[PDB]
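Breakdown of the fold
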Amino acid sequence: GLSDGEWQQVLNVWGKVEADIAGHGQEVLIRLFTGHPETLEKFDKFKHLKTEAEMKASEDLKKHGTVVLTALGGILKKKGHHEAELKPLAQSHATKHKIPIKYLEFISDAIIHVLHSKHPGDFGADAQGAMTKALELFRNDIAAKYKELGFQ
Ligand code: HEM
C-alpha cells in the first residue's frame, strides 16, 4: 500500500527508465544473470551465454529486457490496481516458466542496483523507498497467486 506521494515518486523514477527502456532492461537482466547464475538456467534462449561480453552483445537479451520492463511499467502505472495485468504474469511464471518467488526478489533488488548505477546521485532516498515499496507490492501480489496455485 502506497500513498499518492509515493506513487508520484515511483512514476517520476520510471520516467528515467522510459527514456532508455532497452538499456535499462539489458542491464537489469545482466545484473540478475551475473549475480545469480542459476537464474540463467530458466531461460532456454539465454543459457548459451557464458560471458558477460556475450550477454552485452546479445540483441535478443536487450529485446527481452524491453518486454520485461514494458510489462512492469504497465503494472506500475496502475498504482496498485493491477489485478488484471498481474494475473497472467503470475500464472505464466508459476506454471510455465517455474520461477520461484526468490528470483522475483533477486530481480527487484537488481532494479534498485541498476537505477543507482545509471543515475548516481539522482536516485534519492525517498525515491528508493517508494520504488522498493512498489516492487514489494508487486512481489506480494504475485506471492498470493503462487500460494493459490501451490507453487514453490
Ligand atoms: C519484474 C519481473 C518480471 C516481469 C515483469 C516479467 C515479465 C515477463 C514477460 C512479459 C514475459 C513474456 C510473456 C510471458 O511468458 O508471460 C516473460 C517471460 C519469461 N520470464 Fe519473466 N518477468 C519477470 C521476472 C522473471 C524472472 C525473475 C525470471 C527468471 C529468473 C523470469 C523468467 C521468464 C522466462 C524464462 C520467460 C520466457 C522467456 C522466453 O523463452 O521467451 N521472469 N517475463
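Residues numbered from 1 in each chain as written, not as in the entry; some residues may be left out. Heavy atoms only, no water.

You'll find the chain entered in the PDB entry as Myoglobin, with Equus caballus given as the organism. Each PDB entry has a title, and for this one the record gives "Multicopy-refined carboxymyoglobin photolysis time series at 23 mJ/cm2 laser fluence, 600 fs time delay". Looking at the chain in UniProt, the text filed under Subunit is "Monomeric." For the record of the chain, the UniProt heading Subcellular location holds the text "Cytoplasm, Sarcoplasm". (UniProt positions renumbered as here; feature names shortened; annotations may be inferred.)

Focus: the coordination of the iron atom of the ligand
Among protein atoms, the single one acting as a donor to the iron atom of the ligand is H93 (NE2), 2.1 Å away. Following the sequence through the fold, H93 ends up in helix α5 (residues 83-96). (Donors = N, O, S within 2.8 Å, 3.2 Å for Na, K, Ca; no water. Helix = DSSP H or I, 4+ residues; strand = E, 2+ residues; numbered from the N terminus.)

Regarding the UniProt feature "domain: Globin" in the chain
Feature annotation in UniProt assigns "domain: Globin" to the following positions: residues 1-147. Span residues 1-147 is 74% helix and 0% strand, its end C-alpha atoms 20 Å apart.

A closer look at the packing of aromatic side chains
Tallying each qualifying case throughout the model produces 5 aromatic pairs. Centre to centre, the rings of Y103 and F106 are 5.8 Å apart; their planes meet at 15°, and the pair counts as stacked. With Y103 and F106 both in helix α6 (residues 101-118), this residue pair falls 3 residues apart, about one helical turn. For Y103, a relative accessible area of 17% gives the class buried. Taking the relative accessible area as the measure of exposure, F106 reaches 14% and is therefore buried. (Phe/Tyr/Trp six-rings, centres within 6.5 Å; stacked < 30°, edge-to-face > 60°. Buried < 20%, exposed > 50% of the residue type's maximum accessible area, 1.4 Å probe, protein only.)

Quick notes on the pattern of salt bridges
For the structure on display, the rule yields 10 salt bridges. For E18, the salt bridge is made with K77, and the minimal N-O distance between the two is 2.9 Å. Linking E18 in helix α1 (residues 4-18) with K77 in the loop between α4 (59-76) and α5, this pair joins segments that are 59 residues apart in sequence. A relative accessible area of 46% means that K77 is categorised as partly exposed. Notably, a salt bridge pairs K47 with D44, separated by 3.0 Å at the nearest N-O pair. You can call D44 exposed: its relative accessible area is 59%. (Salt bridge = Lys/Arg side-chain N within 4 Å of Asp/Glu carboxyl O.)

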